[PDB]
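Working notes for the structure below.
2 protein chains.
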Amino acid sequence: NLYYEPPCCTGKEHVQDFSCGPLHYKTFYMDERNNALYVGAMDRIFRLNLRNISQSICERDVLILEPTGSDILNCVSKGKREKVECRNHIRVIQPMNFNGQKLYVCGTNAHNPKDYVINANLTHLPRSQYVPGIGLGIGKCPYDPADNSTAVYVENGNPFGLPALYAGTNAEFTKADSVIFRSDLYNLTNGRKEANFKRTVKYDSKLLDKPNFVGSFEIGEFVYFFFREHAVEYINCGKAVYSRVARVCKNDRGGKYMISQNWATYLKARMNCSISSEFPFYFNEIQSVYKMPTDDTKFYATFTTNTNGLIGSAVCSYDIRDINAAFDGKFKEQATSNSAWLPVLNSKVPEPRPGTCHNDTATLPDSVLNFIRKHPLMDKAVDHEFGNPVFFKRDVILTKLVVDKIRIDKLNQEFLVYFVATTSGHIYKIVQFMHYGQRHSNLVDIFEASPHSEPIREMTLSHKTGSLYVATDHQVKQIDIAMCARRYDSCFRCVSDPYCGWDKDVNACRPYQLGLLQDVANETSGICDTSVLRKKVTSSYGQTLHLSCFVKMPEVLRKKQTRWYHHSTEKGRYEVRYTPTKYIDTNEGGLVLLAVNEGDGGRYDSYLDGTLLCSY
Amino acid sequence: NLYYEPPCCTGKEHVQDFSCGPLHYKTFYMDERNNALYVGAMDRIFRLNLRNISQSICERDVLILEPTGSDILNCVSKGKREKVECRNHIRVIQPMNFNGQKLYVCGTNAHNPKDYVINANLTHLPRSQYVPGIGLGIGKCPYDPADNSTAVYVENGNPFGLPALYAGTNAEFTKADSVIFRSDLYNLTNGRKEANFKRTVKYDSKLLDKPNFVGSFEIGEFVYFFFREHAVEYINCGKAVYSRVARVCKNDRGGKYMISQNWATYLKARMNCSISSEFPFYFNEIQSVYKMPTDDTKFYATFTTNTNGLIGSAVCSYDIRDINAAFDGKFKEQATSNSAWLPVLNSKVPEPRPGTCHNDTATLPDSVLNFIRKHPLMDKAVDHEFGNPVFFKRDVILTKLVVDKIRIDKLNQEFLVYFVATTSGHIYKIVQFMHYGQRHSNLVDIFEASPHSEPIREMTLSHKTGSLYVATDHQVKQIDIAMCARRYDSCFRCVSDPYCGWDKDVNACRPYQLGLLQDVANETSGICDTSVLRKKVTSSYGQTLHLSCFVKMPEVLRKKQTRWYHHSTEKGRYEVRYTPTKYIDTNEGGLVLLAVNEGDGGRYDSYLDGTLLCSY
Ligand SMILES: *[C@@H]1O[C@H](CO)[C@@H](O[C@@H]2O[C@H](CO)[C@@H](O[C@@H]3O[C@H](CO[C@H]4O[C@H](CO[C@H]5O[C@H](CO)[C@@H](O)[C@H](O)[C@@H]5O[C@H]5O[C@H](CO)[C@@H](O)[C@H](O)[C@@H]5O)[C@@H](O)[C@H](O[C@H]5O[C@H](CO)[C@@H](O)[C@H](O)[C@@H]5O)[C@@H]4O)[C@@H](O)[C@H](O[C@H]4O[C@H](CO)[C@@H](O)[C@H](O)[C@@H]4O[C@H]4O[C@H](CO)[C@@H](O)[C@H](O)[C@@H]4O)[C@@H]3O)[C@H](O)[C@H]2NC(C)=O)[C@H](O)[C@H]1NC(C)=O
Ligand SMILES: *[C@@H]1O[C@H](CO)[C@@H](O[C@@H]2O[C@H](CO)[C@@H](O[C@@H]3O[C@H](CO[C@H]4O[C@H](CO[C@H]5O[C@H](CO)[C@@H](O)[C@H](O)[C@@H]5O[C@H]5O[C@H](CO)[C@@H](O)[C@H](O)[C@@H]5O)[C@@H](O)[C@H](O[C@H]5O[C@H](CO)[C@@H](O)[C@H](O)[C@@H]5O)[C@@H]4O)[C@@H](O)[C@H](O[C@H]4O[C@H](CO)[C@@H](O)[C@H](O)[C@@H]4O[C@H]4O[C@H](CO)[C@@H](O)[C@H](O)[C@@H]4O)[C@@H]3O)[C@H](O)[C@H]2NC(C)=O)[C@H](O)[C@H]1NC(C)=O
Ligand SMILES: O=S(=O)(O)OC[C@H]1O[C@@](COS(=O)(=O)O)(O[C@H]2O[C@H](COS(=O)(=O)O)[C@@H](OS(=O)(=O)O)[C@H](OS(=O)(=O)O)[C@H]2OS(=O)(=O)O)[C@@H](OS(=O)(=O)O)[C@@H]1OS(=O)(=O)O
Ligand SMILES: O=S(=O)(O)OC[C@H]1O[C@@](COS(=O)(=O)O)(O[C@H]2O[C@H](COS(=O)(=O)O)[C@@H](OS(=O)(=O)O)[C@H](OS(=O)(=O)O)[C@H]2OS(=O)(=O)O)[C@@H](OS(=O)(=O)O)[C@@H]1OS(=O)(=O)O
Ligand SMILES: O=S(=O)(O)OC[C@H]1O[C@@](COS(=O)(=O)O)(O[C@H]2O[C@H](COS(=O)(=O)O)[C@@H](OS(=O)(=O)O)[C@H](OS(=O)(=O)O)[C@H]2OS(=O)(=O)O)[C@@H](OS(=O)(=O)O)[C@@H]1OS(=O)(=O)O
Ligand SMILES: O=S(=O)(O)OC[C@H]1O[C@@](COS(=O)(=O)O)(O[C@H]2O[C@H](COS(=O)(=O)O)[C@@H](OS(=O)(=O)O)[C@H](OS(=O)(=O)O)[C@H]2OS(=O)(=O)O)[C@@H](OS(=O)(=O)O)[C@@H]1OS(=O)(=O)O
Ligand SMILES: *[C@@H]1O[C@H](CO)[C@@H](O[C@@H]2O[C@H](CO)[C@@H](O[C@@H]3O[C@H](CO[C@H]4O[C@H](CO)[C@@H](O)[C@H](O)[C@@H]4O)[C@@H](O)[C@H](O)[C@@H]3O)[C@H](O)[C@H]2NC(C)=O)[C@H](O)[C@H]1NC(C)=O
Ligand SMILES: *[C@@H]1O[C@H](CO)[C@@H](O[C@@H]2O[C@H](CO)[C@@H](O[C@@H]3O[C@H](CO[C@H]4O[C@H](CO)[C@@H](O)[C@H](O)[C@@H]4O)[C@@H](O)[C@H](O)[C@@H]3O)[C@H](O)[C@H]2NC(C)=O)[C@H](O)[C@H]1NC(C)=O
Ligand SMILES: *[C@@H]1O[C@H](CO)[C@@H](O[C@@H]2O[C@H](CO)[C@@H](O)[C@H](O)[C@H]2NC(C)=O)[C@H](O)[C@H]1NC(C)=O
Ligand SMILES: *[C@@H]1O[C@H](CO)[C@@H](O[C@@H]2O[C@H](CO)[C@@H](O)[C@H](O)[C@H]2NC(C)=O)[C@H](O)[C@H]1NC(C)=O
Ligand SMILES: *[C@@H]1O[C@H](CO)[C@@H](O)[C@H](O)[C@H]1NC(C)=O
Ligand SMILES: *[C@@H]1O[C@H](CO)[C@@H](O)[C@H](O)[C@H]1NC(C)=O
Ligand SMILES: *[C@@H]1O[C@H](CO)[C@@H](O)[C@H](O)[C@H]1NC(C)=O
């Protein structure tokens, strides 16, 4: 009996499951104050228990919202399969404050988007009660369930202080239309239409070119959108999908004359996630984006190269000041349909600067309006912090992600732990630290959060309960972000996790307290030299025995050299080289001793990349 | 004693060595009719024995050509280290027919290029004999030894039937100049200067932008150049190094008036080596190029992505008709310094078509001349055969290459074997075949041809002697292209090499004859099922024994699943799953049986990716 780490996480409890059948789950809303996680699904919305999702009943904690038969016949007549496509897949769940806190919901609805307003307890509003501007989600949530959309319900900052839903999706049956859209401005008390809707210019591929959204948030006086689209400026050289960030002013009221339903402050910028060199290596396609609830200045996202050819993913981090810096910089421009994309001199920019917020945007001169009409793309690409990714890996496709922040004050240490999903269903546990003034990282653990054939559709994080939440097509799993005792039974693996520390007095890994052993940055190698598992064993002559450290090698460690050393009194200190018979090497870093004898006995140390793992 | 393949190739003889010290060897010329391989080096040129390079003496088979002291003092005064930089490194060795067959030689010569004419027996010409147009290699071979240059001595097709040396290199001390150059045309009988020199327009980055040549040949009525340079058309999107092919007419006589020393038929085209998809994946940087001596219609080359970021190499094949098709297509154009690169309509092309050969090129109209002056780059990229590479591998940098052709007529099978060098000093043995109307490949073997820290500078192939020739900085090694008996002792490895066939009657691998076993395309799996090594062995109770197929797993096979099956009368047919004690898996695909007993005995088959390897 050697080192052994139990598998994770498919079958103290740290993994909780919930399932009412293959319901194509999607769309998260986490309310930490009420211990509820609202999860959308096909024709259903659930309200789960945040501390333990297994305590929710499929019948008591649900509110079915299946489409109407009139919309089903329309969808079948189009040519779409009625089994899943002509159903209602929820895509928007946002907090809404109308006569108290309620929920805003939106769904595909058999390729006919329709929104609702429901109470927190998953009960419809009184049928006699009317909802101003609700009933049709024409530009609020997509038609096709597979479409990547985004939205956020903003309360403050809009014109006249009214509420509205900023979103970005299709807004037509065919893929022709694609728009960043704001709903009609309604005063929900009196029900009067106080302002028309805002949307990107129709069929202007310079604004959006076959986009795929991954997230959207409200920060300061703006609303930001993260997505990937076809690179309009790369066309002269080839085909490429670039990642973009788009910014609009909350108080944007539109243009003049006939173009009042179009944005007066819409600007987008390419996002830079490359490796610093004379010839950078860009991860151009974004896959997801996460923001911490308490911090509105940092954004984390997953980027991938084109899924064809050689594949590589990467995680980049961006500051709000760097995003605003791109929107405050020069403007890209293509003079004619045959000109090259060149920057604009500051002398030609009209004032007020296009993109800057302004009460009543119709007051702006025709110069400013028509300038931003044909200059949506900023010349500068958004700079990623430190000029390099936080982590990257070859032949891996990374999707959703969630980031946590840890700080041990008495040692003055701050860590960032990234929980990145892979298309193979695994979650990468990646830590970030500062080693001698520079930023490095190290993949701590890899645990399976779903079978290979079941992708991860959505993922969120709860700092209060300290648990990770992953949604798939078949079920929803709750995973703790720290399983020190249940996972790490070795000092080697325990001291590398910032959540954990190795107690030498109880001989077990457990949550970190001051005084326990930990070295995440590997700045003090050999810390576990005294907590190493050493198992002296004398066996009979001739018979062959197996010396090993781990039962099965941990996933993140299998790609490290396992060098065995042997100190014998007659032979001395030397490194064991493998021979066809006596010295056999195992796939778990073990050492087999075929034909044991007198000269074999001695001190046996098993190093792993120059650091002791176990001894015999 | 199981399967065992001896290492290769660092220490019947198939590996022959030659070395007179670290002489920075480079530049090959293979004369199959005289059994001699002319190899350049630092201050020396050698004449080796083609059938056995070890039979050459460092003193009898050499002609030292070290620089003059006047040129050394110049080079030391520049600021270059006199140890290696201020020496003479040969870069051009070409056959020359003057009063019989002689050699043309060119060398760096302490950053002052100088050419010579020497006899085949490595003896200087009589000092009284003069050589027309020889003495200075200003545009004939580079200044810096590390510079990638190319050249070829063409005899027929030039104006007035005179000989000249087409080349491409620096032609200045600084990196400022870079030119495809033709020497002055001299009638070697009378010594009269019959025509001036030809060269690319100076400082025109549209023609060449920091190029790196990899080869050059004469085909038909043209002379082609293969190189990589900065992508002038990619500038509007970023930085990229593209691979180019350049074509000039042999009978090019220059322009009119003042621009007579410039080419009138110079055209270049980007080379396409990508993976076919909606979003192609380009291997943009070429590293070397090989042509078969008997075939002037096929070209093979190694391409790599940018060496920064994620790394990948690939091998592409091109037909002469596809190269000419690009030079016969539309023309790329950038109207202004701020325009985009667009094609030219055929209605605007002047006649005669620029680039087409014409006796006396000064006769062409000013339209044709000035057109090709500003239109050197063809719009079409040279298409690679079958639209995909022949082979590609991740995290490997491939350099020089040589290709052989095999044909077994009685079975109607034609193979192509690629011998591609890696920066780690290894040679990849890659075979190409047709499987159901389509082209596939499979890496047959990987053998070390040089230590890791010693790169491979040049490589050639001799069809007559059937041997491969690799040159490094320290030595020159001769390697046979087929070592069936000395390498393959297993039917599994023997039937995959097109050079080899497994004889079941002598139980050994050996050169292929009709009737022997072979399946390169894996179209008949299980062919070796009767030639499998089966070694029944009964051992004592309790003691642990090791079951294995290979002593050490062959390099090209280590990344394949090793599944052991066990048929016991009581248990039946099943796949052996590894347990922590009894069932141990070795890194060599073996199976260890800890604590042997009665239930363990039985038929033990060891499969490798669904094909039987060995049994017990
Ligand atoms: C190396 O070898 C490879 C293997 O053979 C080869 O692979 C092939 O790669 C392409 C991608 O490069 C694959 O995808 C195809 O792409 C085609 C090109 O589309 C894009 O480019 C269009 C043209 O843009 C150039 O030309 C303009 C006019 O001159 C310039 O203004 C541009 O600046 C640009 O110039 C550059 O390129 C020129 C051409 O080389 C060059 O002269 C110039 O100097 C400069 O370098 C764009 O119009 C187009 O944009 C449209 O579409 C996108 C979305 O796709 C929108 O965002 C835009 O708003 C705009 O609407 C692209 O950017 C496509 O034509 C082709 O599409 C057709 O086929 C697909 C098949 O699925 C259909 O889905 C599609 O509807 C098209 O069908 C239509 O046309 C066909 C043909 O007529 C017709 O049969 C059909 O009925 C229908 O009408 C496709 O997407 C291609 O698949 C790969 N092939 C293979 C076999 O794998 C690689 O290119 C080679 N590399 C080189 C360098 O040669
Ligand atoms: C994401 O983040 C990454 C990390 O921060 C970041 O990495 C950096 O990448 C660059 C490469 O992109 C690395 O290399 C540098 O490249 C610089 C650019 O050089 C090339 O581009 C020049 C300009 O071309 C653009 O602009 C023209 C004018 O507008 C247009 O006409 C062009 O079409 C093109 O436009 C495109 O780009 C615009 C800019 O973004 C954009 O507005 C526009 O819309 C369009 O998209 C070219 O002139 C230049 O070509 C010259 O040189 C090549 C050979 O290099 C020749 O073949 C040409 O004939 C021509 O002569 C390039 O194509 C370089 O300026 C920079 O060089 C300087 O520094 C190096 C350091 O080694 C020196 O060797 C060199 O001599 C230069 O020094 C000089 O300038 C500096 C600065 O003033 C000065 O201090 C010094 O004394 C000297 O005077 C360098 O090579 C760079 O290293 C990476 N940084 C890091 C930290 O790693 C990446 O770019 C980011 N991505 C994005 C999208 O932002
Ligand atoms: O010292 S501890 O904080 O770790 O707790 C003392 C012993 O509890 C165990 C299990 O015993 S039991 O829970 O009473 O059944 O560890 C377990 O408890 C800790 C913290 O206690 S708490 O009640 O759950 O709050 C858990 O950490 S935490 O997630 O709550 O922060 C352990 O989970 S984890 O892997 O650290 O994240 C949990 O371990 S387990 O998964 O149940 O096995 C003992 O652990 S054990 O004896 O090593 O098996 C603790 O004694 S210890 O040896 O010092 O670890
Ligand atoms: O393989 S070795 O030559 O390195 O010996 C290691 C094993 O022998 C023991 C037996 O200990 S005992 O039961 O108390 O007799 O230790 C003995 O050998 C070591 C040598 O290894 S070391 O790296 O030098 O320390 C001796 O060390 S030394 O005298 O050479 O300096 C041990 O003395 S010491 O306290 O380590 O300095 C010596 O034990 S003793 O003190 O003479 O009695 C085992 O070491 S143990 O775990 O401390 O008991 C070693 O394991 S084994 O299973 O017996 O192979
Ligand atoms: O049947 S064979 O053509 O292979 O030749 C008969 C036996 O010769 C050996 C070695 O015996 S020896 O050369 O007399 O010393 O194979 C060797 O000879 C063959 C061909 O004969 S030749 O004189 O060299 O032309 C070589 O093939 S070839 O390269 O010449 O085309 C063998 O080299 S290779 O690996 O096939 O390329 C060479 O094998 S070795 O490198 O010397 O070991 C016997 O091989 S052996 O007994 O298996 O060891 C041949 O008998 S065999 O069992 O049928 O192979
Ligand atoms: O592990 S198994 O149950 O599969 O048995 C395989 C080993 O037993 C032998 C002993 O042969 S003997 O010395 O001649 O006695 O073969 C015997 O077992 C096999 C079963 O394997 S198989 O895949 O079915 O063929 C018998 O086959 S069968 O009767 O089940 O159909 C052998 O008979 S047969 O000619 O293969 O059909 C049987 O041998 S015998 O004919 O009854 O005498 C060894 O096979 S051997 O190499 O042919 O001699 C097997 O190797 S072991 O080292 O003994 O483990
Ligand atoms: C904490 O930091 C320690 C100090 O840096 C780490 O120890 C180091 O571990 C590395 C990796 O094993 C050792 O690197 C050496 O690399 C050379 C070169 O070999 C290279 O090529 C081979 C063949 O392809 C390849 O297998 C190797 O991985 C290398 O890429 C080898 O000759 C050496 O044997 C060794 O591998 C350092 O030498 C080693 N330093 C010390 C002081 O031990 C330690 O692993 C870190 N621990 C953790 C948990 O992060
Ligand atoms: C000649 O052709 C035969 C027929 O094609 C080859 O046999 C085939 O070999 C492959 C590779 O072993 C087998 O592929 C299967 O793949 C599935 C899926 O597993 C995948 O994922 C795992 C985990 O990542 C990975 O390890 C695998 O490699 C796969 O990528 C597995 O479930 C199977 O066990 C097996 O691996 C074919 O099934 C197999 N076919 C047959 C009929 O045996 C043979 O290898 C070829 N021989 C030569 C010399 O080329
Ligand atoms: C989360 O809630 C579920 C119930 O929804 C709990 O599952 C049961 O827990 C008890 C105590 O371990 C067992 O006796 C039961 O057999 C469990 N399952 C069933 C089907 O009854 C679960 O223990 C809760 N976990 C936490 C951490 O609160
Ligand atoms: C190639 O030539 C070398 C000599 O230049 C040969 O090397 C010697 O060969 C004989 C026969 O095997 C040995 O007895 C010698 O000891 C070898 N070395 C020396 C230093 O004398 C080599 O055998 C030749 N190989 C072939 C295939 O012709
Ligand atoms: C909406 O209308 C009410 C009167 O019905 C008014 O008091 C209020 O200020 C208006 N605006 C908001 C945001 O409620
Ligand atoms: C400017 O915006 C403010 C926002 O509070 C608004 O009250 C005001 O009416 C707007 N116009 C002027 C002229 O201040
Ligand atoms: C054309 O080229 C040929 C090549 O043999 C040459 O003899 C002839 O003088 C050239 N000019 C004409 C008009 O034929």
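One line per chain: the protein sequences are A and A', in this order. A prime marks a further copy of an entry chain. For the first sequence, the positions run 40 to 50, 61 to 665 when PDB author numbering is used. For the second sequence, the positions run 40 to 50, 61 to 665 when PDB author numbering is used. Note that beta-carbon positions come from the ideal geometry of N, C-alpha and C, so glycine has one too.
Near ligand 3: residue i beta-carbon under 7 Å from a heavy atom
i	result
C540(A)	no
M508(A)	no
Own chain residues within Cβ distance below 6 Å of residue i, not counting five before or after
i	result
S516(A)	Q527, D529
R583(A')	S664
Boundaries of the alpha helix (DSSP H) in which residue i is found, first to last residue
i	result
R422(A)	415-423
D371(A)	369-376
Simplified DSSP state of residue i, which is helix, strand or coil
i	result
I187(A')	coil
Residue i: first and last residue of the uninterrupted beta strand (DSSP E) it sits in
i	result
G118(A')	Run containing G118(A'): none in the beta strand (DSSP E); it sits in the alpha helix (DSSP H), 118-127.
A85(A)	85-90
Check: residue i C-beta below 7 Å from any heavy atom of ligand 5
i	result
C47(A')	no
residue 667(A')	The structure shown does not extend to residue 667(A'), since chain A' spans only 40 to 665, so no value can be given for it.
Nearest-angstrom Cβ-Cβ length linking residue i and residue j, presumed shorter than 8 Å
i	j	result
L643(A')	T635(A')	About 12 Å; that fails the 8 Å criterion.
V133(A)	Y153(A)	Between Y153(A) and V133(A) the Cβ distance is about 24 Å, and since that is not below 8 Å, they are no contact.
Check: residue i C-beta below 7 Å from any heavy atom of ligand 1
i	result
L394(A')	no
8 Å CB neighbourhood of residue i in its chain, flanking five on each side removed
i	result
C549(A')	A531, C533, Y537, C543, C558, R559, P560, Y561, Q567
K189(A)	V141, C155, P162, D164, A200, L214, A216, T218, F230, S232
Spatial neighbours of residue i in its chain, beta-carbon cut-off 7 Å, leaving aside the 5 residues before and after
i	result
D444(A)	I360
Heavy atom of ligand 9 within 7 Å of residue i beta-carbon
i	result
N373(A)	no
Distance cut-off 7 Å: residue i Cβ against heavy atoms of ligand 12
i	result
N408(A)	yes
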